[PDB]
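What follows is a short report on a single structure.
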Amino acid sequence: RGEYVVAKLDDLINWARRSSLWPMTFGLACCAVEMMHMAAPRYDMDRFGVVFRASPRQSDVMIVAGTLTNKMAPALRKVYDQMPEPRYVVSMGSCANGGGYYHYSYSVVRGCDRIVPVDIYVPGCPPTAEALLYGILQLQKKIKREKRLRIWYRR
Amino acid sequence: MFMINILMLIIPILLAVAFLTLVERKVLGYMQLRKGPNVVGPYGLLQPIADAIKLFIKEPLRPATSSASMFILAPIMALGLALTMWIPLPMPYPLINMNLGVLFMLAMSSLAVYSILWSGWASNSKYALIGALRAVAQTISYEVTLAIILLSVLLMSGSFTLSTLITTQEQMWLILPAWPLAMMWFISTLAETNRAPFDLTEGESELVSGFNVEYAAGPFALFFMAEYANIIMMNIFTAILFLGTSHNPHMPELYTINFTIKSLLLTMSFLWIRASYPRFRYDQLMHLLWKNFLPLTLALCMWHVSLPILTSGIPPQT
Amino acid sequence: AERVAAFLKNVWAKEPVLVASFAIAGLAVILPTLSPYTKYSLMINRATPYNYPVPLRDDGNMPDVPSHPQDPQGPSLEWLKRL
Amino acid sequence: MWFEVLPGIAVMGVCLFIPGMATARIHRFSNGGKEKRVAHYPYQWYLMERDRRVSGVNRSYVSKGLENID
Amino acid sequence: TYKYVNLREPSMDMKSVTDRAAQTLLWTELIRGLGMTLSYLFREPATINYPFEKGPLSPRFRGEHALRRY
Amino acid sequence: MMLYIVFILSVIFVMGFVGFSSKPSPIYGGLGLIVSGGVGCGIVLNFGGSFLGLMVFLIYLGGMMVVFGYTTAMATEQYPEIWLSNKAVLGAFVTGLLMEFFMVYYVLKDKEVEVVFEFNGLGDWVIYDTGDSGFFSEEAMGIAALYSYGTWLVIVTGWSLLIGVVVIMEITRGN
Amino acid sequence: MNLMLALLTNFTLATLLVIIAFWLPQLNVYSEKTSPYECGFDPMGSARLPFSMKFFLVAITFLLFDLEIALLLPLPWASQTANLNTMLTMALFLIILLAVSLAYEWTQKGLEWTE
Amino acid sequence: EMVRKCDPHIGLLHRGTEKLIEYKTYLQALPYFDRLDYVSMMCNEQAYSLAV
Ligand SMILES: CCCCCCCCCCCCCCCCCC(=O)OC[C@H](COP(=O)(O)OCCN)OC(=O)CCCCCCCCCCCCCCCCC
Ligand code: SF4
């Protein structure tokens, strides 16, 4: 069947994308410290194929690690819009999930999901470096389940 | 049979470039108390495949402010000239046996800078422009010094033919009589390849991504592929110049094995150096190669023009 | 003599690279004048036969021009072989 | 450990050895089992073009020995 | 109490000046940095094999909430 | 064909001259001079001079690299001009091409064009020499004689370069 | 010939990869995505505005120093002549004048970038 | 690349911490100090502790 072959190609491109996730070098607050510890020797996100790159144009993932303020919200959407697709967003910490400790502040966006779409929510204040690494591994398994080519074939 | 020969050259180069990315990521990892890629394939042997496929099925975008023709020409020019630097290399038999191989590589190297200048200018971004003008500054720093260093080493060899460097170093390596030139040549190749501590045209910590900040997806891959193919090529050039290998006409394979190892170890040193030193300032690089190397290079050019004459050791012309 | 070995020591401390440069360049200008082997560099160049040795027409009065290449007359490269 | 870096180097090393090996074998394949002729100066080329005429098959690597003189 | 971190005078004896001249020309102190990273290459990496190996915690760890029973 | 390689390069040589002679942004003008300097290496290289071909190309790559830096500093405007941006630039570009086209068309059909000089169209290969040289390159021997024969040329050229450095410092001091 | 094929093959391969890159992937273009990158905030002024060159004097000196390789690269052939005394004298003379040229621009603050 | 004027625009991580502490008891305001200098957590607690 022709839907079997596309499913195998869909596996191939899915494998190529979850095995070469390149997060954007984008940190905001304390949650970025735990994002560095994921790159530190103990966890070494680089061994999973995850490499930080500074340019939004050379990134596949935006980890919103820290608080999002009304002054910073326009900048966050700009660097998100400039990421070539496919792009994924991982919300790290309570501040980026629903505002966290500063939910009722006049200068804090109550959740980064009000500005950009979100794929994985990592809870914690801050999440442990092992909790963020669990979130990135959940994102990879979420990319493994994509069936773009099996949906194109059935159109 | 010549088309096959070209394919037996460019295709292995790309595979070497692909797995030099893996080697760098793991070599730096262990020098940083890490492991590097060890999940995507056994010992990360499939990591280069995933990254290549990922980039070539990703969306490429032309900036609204870009000059489209220059934006697309530049990545083509970088990879096309990156592969062209290999055809005169004797390993031990070159693909294109040039009588002026040394000069051909100099001209091609200079022409390959414009892939950086035009990519940055065509991007129409301030960060791409700043990185492009660092390329102008960086090429003004080493180009004059790099030529005279080669000239001093060719005054012991005899001509500009690269195959003749194998004959020159048949009794002894050229690094013994010319280790002062070897030191200044090695640091000049780091500058020419835009490698740390002279990775200024890109400058992640200063310019985000430098000249290729706007490039994405496949077009970004060509710049990456060209940069690493240049590291290997320049380290092959260094081995041929100062670490010449003995050539047996009836066992040319033995040459390649010994010659291949010397290029890898010189290539590992580039990874070794990136993990050990901070980054220069692009004005301090100019002072390094104009106030330290250039005064000594001119003195060693006078010495190497007089030394053969005062010892009756002028090499043959042919 | 005391001052002379005080300017040299200062440059050797503040600009060692320039001290090496002028020493290497200085030796390049002097040694060729003093070297006894500079004559042989010129003799080897002459002995290299780029052109054909066009023969002369024997007019009967050229005793020092060899009739055959394997004759004792003419220039010899015995010095070069032992050099 | 550090020897888990070697497999990547081995793959890189084998790829850099092929270009040299292929050229040596292809030259011998296309030149009668001998090295490709090096003609850097016009005298060497004039002797190569002379070899084509002597060969009788329009190949400069088909050498004729003393069996061709009589 | 205090201490100066960068208040020193280099000895101007000829041997010391020559030692610094060798350092400037022969890059001695730049090769110590190479030696330091070379040693790390041969040290066992500190990377745990997550998710099969988990970083140590303590009973006081504050994770996900739960409502308990008697 | 491959017998007209020099002529084909010479046509590209002219088209690169109509590139920077139309005077677009010096960024694109410097691109035409790199193109014409590359084929110029090829034309000079097909007549027996390889050192000359690779030296002019090598020198003109250094010059244009400096000109690129100067262009972004002294000779730039908000909208750099391309060959299609001005009727003045486009008119000069089309006029140069149409003039090269008719010169090529007549020199290939009639094989004889007379403009100031009588030009022939039998192929550049008809004027080559039929006698091979010895065990050396004639151009290399001639250039190598700059240091044995051209002592007076070395002194004047050497002095000019030294005076060149002095001169530029005086001009750019200012105030 | 063999050089033309080597050059033709190298650039044809590069052009194919660029062609593949722009036609294989899925595209989603809007104005925000293609806007210039300046770290999340809109640029102030065109990137085509003048960018001062603080090393202009060294750049000019580069042209004069970049010719010396043209005059100095023939030295290996020049050493094959019978007039080594003349050739050696004029080879060192040309390099010495280059050293004087560098010395003048160095002592006169010519290698120091303008502020 | 010479700098003529640095103009640090800050406030992209201003969260109204000082205003929130007014709606919190002294115990409830303690974790707000772990998140000011989030590289020196127990030194921000100590300064607030000594003040109270
Ligand atoms: C037959 C022809 C061959 C000879 C060629 C003749 C030309 C030689 C020079 C060519 C190269 C250009 C160098 C000339 C300029 C020397 C450098 C200079 O002028 O710097 C000036 C220097 C300024 O430095 P400043 O900032 O004031 O602080 C230090 C205080 N002096 O302050 C100074 O006063 C400089 C200090 C004195 C510098 C003396 C330089 C001597 C150079 C020749 C050394 C030769 C001896 C070495 C070889 C011996 C053999 C081993
Ligand atoms: S969620 Fe917690 S650790 Fe992350 S930025 Fe907010 S307060 Fe800091």
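Residue 1 is the first one shown; counting continues down the chain.
Going by what the header records, the deposited coordinates were determined by electron microscopy, 2.7 Å.
From the backbone N, Cα and C atoms, a Cβ is placed for every residue, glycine too.
For the residues A:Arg42, A:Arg53, A:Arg148, Swiss-Prot attaches the annotation hydroxyarginine to A:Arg53, which does not rule out the feature elsewhere.
Figure note: comparing Cβ neighbours within 10 Å for the binding-site residues A:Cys30, A:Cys31, A:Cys95, A:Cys125, the maximum is reached by A:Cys95. With a CB cut-off of under 6 A applied against ligand 2, the recorded positions A:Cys31, A:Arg53, A:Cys95, A:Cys125 are reduced to A:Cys31, A:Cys95, A:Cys125. Long-range C-beta contacts of A:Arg53 (hydroxyarginine), restricted to its own chain and to partners at least six residues apart, with a cutoff below 8 Å, comprise A:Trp22, A:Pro23, A:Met24, A:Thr25, A:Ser59. The secondary structure of A:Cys95 ([4Fe-4S] cluster binding site), as reduced to three states from DSSP, is helical. Secondary structure at A:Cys30 ([4Fe-4S] cluster binding site), taken from DSSP and collapsed to helix, strand or coil, is coil.
For the recorded site, A:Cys125 ([4Fe-4S] cluster binding site), the DSSP three-state label reads coil.
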